[PDB]
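First the structure, in the form of structure tokens, and then the observations on it.
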Amino acid sequence: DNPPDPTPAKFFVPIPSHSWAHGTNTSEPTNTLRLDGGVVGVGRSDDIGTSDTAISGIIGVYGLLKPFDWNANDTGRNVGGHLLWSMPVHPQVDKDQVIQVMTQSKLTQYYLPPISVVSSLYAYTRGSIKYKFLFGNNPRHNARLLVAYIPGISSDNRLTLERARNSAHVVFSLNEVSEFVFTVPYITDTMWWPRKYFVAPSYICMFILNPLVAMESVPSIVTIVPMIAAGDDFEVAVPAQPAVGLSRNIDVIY
Amino acid sequence: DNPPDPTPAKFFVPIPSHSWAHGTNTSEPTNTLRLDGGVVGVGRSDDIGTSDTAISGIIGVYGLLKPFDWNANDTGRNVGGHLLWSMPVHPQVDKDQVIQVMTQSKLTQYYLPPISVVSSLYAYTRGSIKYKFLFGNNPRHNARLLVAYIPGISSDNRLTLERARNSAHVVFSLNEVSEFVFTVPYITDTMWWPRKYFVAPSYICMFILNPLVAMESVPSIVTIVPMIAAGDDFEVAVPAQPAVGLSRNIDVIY
Amino acid sequence: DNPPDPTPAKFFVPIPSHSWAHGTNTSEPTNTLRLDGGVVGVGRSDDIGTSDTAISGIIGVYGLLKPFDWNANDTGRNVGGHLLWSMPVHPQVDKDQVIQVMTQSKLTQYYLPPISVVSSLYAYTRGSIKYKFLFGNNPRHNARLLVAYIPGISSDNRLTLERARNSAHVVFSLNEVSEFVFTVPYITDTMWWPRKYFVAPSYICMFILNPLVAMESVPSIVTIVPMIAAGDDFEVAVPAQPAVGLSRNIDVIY
Amino acid sequence: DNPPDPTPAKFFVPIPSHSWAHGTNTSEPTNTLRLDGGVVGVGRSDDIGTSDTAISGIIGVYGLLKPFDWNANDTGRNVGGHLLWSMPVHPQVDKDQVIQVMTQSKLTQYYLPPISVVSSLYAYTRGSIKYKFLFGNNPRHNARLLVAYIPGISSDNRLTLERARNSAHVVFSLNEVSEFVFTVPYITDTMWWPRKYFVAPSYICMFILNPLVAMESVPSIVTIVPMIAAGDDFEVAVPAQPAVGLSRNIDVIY
Amino acid sequence: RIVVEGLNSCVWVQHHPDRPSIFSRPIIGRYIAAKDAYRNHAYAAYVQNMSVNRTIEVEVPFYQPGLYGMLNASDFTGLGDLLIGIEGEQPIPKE
Amino acid sequence: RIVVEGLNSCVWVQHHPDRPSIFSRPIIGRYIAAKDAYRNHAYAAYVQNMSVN
Amino acid sequence: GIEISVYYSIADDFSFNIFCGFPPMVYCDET
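Protein chains in written order, with full-length UniProt numbering: chain A, 459 to 655, 664 to 720; chain E, 459 to 655, 664 to 720; chain W, 459 to 655, 664 to 720; chain Y, 459 to 655, 664 to 720; chain D, 996 to 1070, 1082 to 1101; chain Z, 996 to 1048; chain R, 1102 to 1132.
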């Protein structure tokens, strides 16, 4: 028998390939180069963990920012109210508080914390940030600092201690304490804040409250190392053109 | 094993794309630009209502038509039978009873009521219309009006009060009443009436029955504002070339 | 609603048509020229039998081969051992024992038995053959014949009666018997034997055992008519280029 | 009835053919040249076994390597410690211990054991190898040999008997014993070792421990024939460009 | 539905969900700004040979920080930008 | 079934359900009236590359 | 010319495995 099959011919719309954008939650028709044919993957065990790429784990790690000094013997800058350090608060840290390595005619290489690389891969981002400050000192130094978080400010023009005490802030006393974390709030009229490399949504600043003391037996300089990691609620939004490239080849054609 | 698959090859008819006309009650194969792949939509809550586009709700809102005056001190036009105002009845209001803003060498901008914009988007339409008349007066004015609806008439040539009282009409007395709605019937040999921008199926007209009175203490002019909205049974039919464009750019090349 | 359909696009390999070789045990997508659409066939009844093409029924019918004579008054060729007739055994009968009609400059037309036409349509073939010999004689003639079947012989070069009696053979006595069938075995090193138009697998031959007798009252010539049909186990193998064409047009261009 | 079929037209991605790589665990759409249509294969029985190609059975067979001599009357090379024979251990045997047939201007023909042909068809390989040594001698000869397996050595430069006894080795005494198999371990930092035609992962070597004895009545030369087959755990990995071609045509164009 | 023909080579489309929204016209060719010139990495994009098929039909998602997008904008309010471009210098027909 | 070839570019079709019905011939090209000249918006229409099909 | 261009991605069974730091980067907007 060779019965005829008269069933009508369906329409169909030719296209050269599958989705270029889709990365998840789908199948991908493809021509695999295997001896086998079928859904096949490379073997694993405990010798080889699972993939470590879950964002919250990468961005939980602190990266380091430019360190800076108190000079306790400095009579000028060591006073009530003098502001030591400050910067706009957003995941991509500001280009001037990162450690840079500059080359002649090449690109400048920035050391960005892991939150700042991840946040360059996405278009919007939101949630709290952790700033862990790390003081080089010994039991004999002492001071107090007021670290305030000012929502809706770009730069320090109108910023003094007497004003900064009107926002969310934390008073910390470095009396035999070498590290503290300041989890800054996230206060913004919008739900996702766009990337920066714009303005940052807020600002952070650090004022001497009680000046630094020390003696003739102890070093007079206290170095501070600021470090930044994402909080527990921090989230990224829409994949975009990465703001940063690799430094493997830093040659550039203007 | 690599068994052969000899099953006959089906026919299929190539076409460049899917349906250009279909808007409802179907799926649309498409290449979405998402990281995700799947049937996905943007989130909502109560902060963001549902879509408000259901036609009966848009066309329920009154739009305003050209206002006009009684002059109660006018001895000529304020008499028994003089007809104040009239126009053919259809959803697109007649171009001469709309508020216009004319420009030299540009297009004329009409203010159309919401029923008149919706009815320009469709080819046929049917059902009752509401005319809400709104009188500027105070408790001291008084009159009576006869508002008649003449089926199957184009213009007022043969129209007088003594004839208009032979059709559906409403007698209204503005004695401390400032608004009334006249839901005109829909009487037509056909089920859907085509758009106009043709003739209109019917006609409406308004005669002084008892002339307007007023005193030396009260303004002698009474302004009337006609307004039009679709009734409860009103319906539109077949999407067509919109009779109206936007005025965002009114430049025109003759 | 017009939900999106993001399901991945499958591959598919375009080809101009369906199978040119397949004849059975399948469907065939095709564009039928009917008013109806569907699996439809022409009606039948008993007025119109079923198709008669089942091979075993076609090849069961005898076809006729070149007849030949005893001359009982011939003192030379009518002796003990003289071999009358012989030929290689295969379904396509040898071109010299068929009735031919020769034309000048045209092709020669052969009358082939139904087994010889069927066997030209296939590449291999196997099983027993029936040879029905039909003697023109009356009750007064008498003889005996030895009809032997020699496996693995091409021609009669080494063939005599004293040797032929060493193979499968049948001794027949035409004493008031006019027909007998000799179902020759099928003895071959292989399972299917290829077509001929090669060598034939075996050979068949017919010797006078007791010479023919007759009288002055009876005709002295006995004509023999050989006829050939396929046995019960006979089978054909692989469709091939038919060895024979039709004689409808016998013109040929050398 | 001829109802319309409005169902949307699906996408589909045209490609000229099916998978060129896949050999197993799948179907292959194809146009078969059969009278039948369907999944059909050639018949079999016990006359025709199953396919014999399962790798472990092919590579279980010994192939032969270049034989070599003790000369028991040789006072120089027949001593305590002199190393007779050695070679790097990998499935493709080293080109200098194979029997070769050399031609002028043509390619050299190597006789490779069945493990060495199979291992040329794959890119990686692992598991134990068997070396069966076969001694031409009679009950009157006697000796002892130390056959050691040195992991992680390329050549014999630093190799002496006093060192070779520090690795896995077997001491064998040929006193009326003519064959023994030495299943060499597989000790390697990696799981699969790449093909060679590189370095081999290990090395094997054979030292005289007690020299060979014999008499005036017995031949003084003992020939040894080394032979190699894959062990029980031996496995091959990824199909690659075969390292060897056939010798059917040995002409070569430089 | 982008129907780009003339040209008949591999053409591409790409959505920049937040680079809005300065103007009410499109911008052709040499006038598009330095960083919108070539393709970018990791923006949702699509590619098609005008030999296989002439019509690209894509669906642009709504990616914004805010609650709404603004209809009737004046001139991050809208759907961003859509970039259309050739994939490597097929010679262009003289018109 | 409209088979429009020659041309081999993207061609289009569109139905004006109520603009009838003045004549028994078709109208070619330059003779079609001012407002039936170009495509319209929102009338049911269809488009096809004569290259694909 | 024969204008070739290769695009790539990760398979499904692919995995990144030991997270150490990132190297120093360079901002793209400085070009």
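Heads up, the beta-carbon is just placed ideally off N, CA and C, and yes, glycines get one too.
With 16 other CB atoms within 10 Å as the buried threshold, where does residue i fall?
i, result
"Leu493(W)", "exposed"
"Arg616(W)", "exposed"
"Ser475(E)", "buried"
"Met1065(D)", "exposed"
"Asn595(W)", "buried"
"residue 660(Y)", "Residue 660(Y) falls within a stretch that is absent from the model, since chain Y runs 655 to 664 with no residues between."
"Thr482(A)", "exposed"
"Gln1009(D)", "buried"
"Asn531(E)", "exposed"
"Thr511(A)", "exposed"
"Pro571(E)", "buried"
"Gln707(W)", "exposed"
What do you reckon, are the CB atoms on residue i and residue j nearer than 8 Å?
i, j, result
"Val642(A)", "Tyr589(A)", "yes"
"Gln550(W)", "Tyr669(W)", "no"
"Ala626(A)", "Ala666(A)", "no"
"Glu486(E)", "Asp459(W)", "no"
"residue 1058(Z)", "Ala1040(Z)", "Shown here, chain Z extends from 996 to 1048; a query on residue 1058(Z) therefore has no answer."
"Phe1082(D)", "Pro1060(D)", "yes"
"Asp699(W)", "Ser586(W)", "yes"
"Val718(A)", "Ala467(Y)", "no"
"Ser612(A)", "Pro546(A)", "yes"
Using a Cβ-Cβ cut-off of 8 Å (strictly less than) and excluding sequence neighbours within five positions of residue i, which residues of its own chain qualify?
i, result
"residue 995(D)", "Nothing about residue 995(D) can be read from this structure; chain D reaches only from 996 to 1101."
"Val575(E)", "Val710"
"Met649(W)", "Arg584"
"residue 426(A)", "Nothing about residue 426(A) can be reported from this structure: the residues present for chain A run from 459 to 720 only."
"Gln558(A)", "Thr566, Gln567, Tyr568, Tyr569"
"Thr561(Y)", "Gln567, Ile716"
What does DSSP give as the partner residues of residue i in its beta bridges?
i, result
"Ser631(W)", "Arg602(W)"
"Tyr580(A)", "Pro705(A)"
"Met681(A)", "BP columns for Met681(A) are empty, so no partner."
"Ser668(Y)", "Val547(Y), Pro609(Y)"
"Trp1007(Z)", "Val1042(Z)"
"residue 656(Y)", "Between 655 and 664, chain Y has no modelled residues, which means residue 656(Y) does not appear in the coordinates."
"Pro652(Y)", "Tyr582(Y)"
"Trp528(W)", "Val688(W)"
"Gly521(A)", "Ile694(A)"
"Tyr589(E)", "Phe640(E), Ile694(E)"
"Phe700(Y)", "The partner list for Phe700(Y) (beta bridge, DSSP) is empty, contrary to what the question assumes."
In chain order, what residues of the same chain have a beta carbon less than 7 Å from the beta carbon of residue i, not counting five sequence neighbours either side?
i, result
"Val691(A)", "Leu522, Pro525, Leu592"
"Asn676(Y)", "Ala601, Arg602"
"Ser636(Y)", "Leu592, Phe593, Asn595"
Which same chain residues end up closer than 6 Å to residue i when comparing Cβ atoms and leaving out the 5 residues on each side of it in sequence?
i, result
"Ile674(E)", "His540"
"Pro597(E)", "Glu634"
"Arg502(W)", "none"
"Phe640(A)", "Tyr589, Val605, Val628"
"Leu619(A)", "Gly539, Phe673"
What are the residues of the stretch 1031-1061 of chain D that lie near chain Z, defined by any Cβ-Cβ distance shorter than 8 Å?
Within the stretch 1031-1061 of chain D, the residues whose Cβ lies closer than 8 Å to some Cβ of chain Z are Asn1048, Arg1049, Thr1050, listed in chain order.
Please list, in chain order, the residues of the stretch 998-1017 of chain D that have any C-beta partner in chain Z closer than 9 Å.
So the close ones are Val998, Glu1000, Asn1003.
What are the residues of the stretch 470-482 of chain E that lie near chain A, defined by any Cβ-Cβ distance shorter than 9 Å?
Under the 9 Å Cβ criterion, the stretch 470-482 of chain E contributes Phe470, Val471, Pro472, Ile473, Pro474, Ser475, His476.
Below 8 Å between beta carbons is the criterion; list the residues of the stretch 683-711 of chain E that meet it against any residue of chain Z, in chain order.
Those would be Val704, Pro705, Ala706, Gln707, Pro708, in chain order.
Select from the stretch 492-505 of chain A all residues with a C-beta closer than 9 Å to any C-beta belonging to chain Y, and list them in chain order.
Cβ contacts with chain Y: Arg492, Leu493, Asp494, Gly495, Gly496, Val498.
Any residues in the stretch 569-595 of chain A with a beta carbon nearer than 8 Å to a beta carbon of chain D? Which ones, in chain order?
The residues in question are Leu579, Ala581, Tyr582.
Proximal residues, the stretch 512-538 of chain Y versus chain E, C-beta separation under 7 Å
Answer set for the stretch 512-538 of chain Y: empty.
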